[PDB]
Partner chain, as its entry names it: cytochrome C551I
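In the form deposited without the partner chain, a lone chain appears below as structure tokens.
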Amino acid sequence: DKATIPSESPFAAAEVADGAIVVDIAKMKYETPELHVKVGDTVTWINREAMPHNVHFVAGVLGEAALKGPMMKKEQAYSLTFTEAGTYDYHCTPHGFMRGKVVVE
């Protein structure tokens, strides 16, 4: 696999340390749609609105299987640690027009 999952379930935004790497989700967009990190970094999505969203990497991207994150309600967070260099696309399962990508170097 190319990523591990710190928490299978969504968790409180407030637990995210200031300075952590964060992709915000507001107004039906991933607010940082092309994110550059380094191998080993933890990326955290935080949902800033009431419409639930997730991040969804299709089969083959982060591993054999799809990685379909849990739906996040308002002020909930979800994280993935990227363990291998490359570029990984993802979208929001119910909102397929919402697309982003992580570039791991």
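Numbering follows the first chain given and starts at 1.
Absent from the display: the form solved in complex with the partner chain. The rest refers to it.
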Is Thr42 close enough to the partner chain in the bound PDB entry to count, meaning some heavy atom within 4.5 Å?
-> no
Does the partner chain come within 4.5 Å of any heavy atom of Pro33 in the bound PDB entry?
-> yes
State yes or no: in the bound PDB entry, is some non-hydrogen atom of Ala26 no more than 4.5 angstroms from a non-hydrogen atom of the partner chain?
-> yes
Using a 4.5 Å cut-off on heavy atoms, which residues of 48-65 contact the partner chain in the bound PDB entry?
-> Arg48
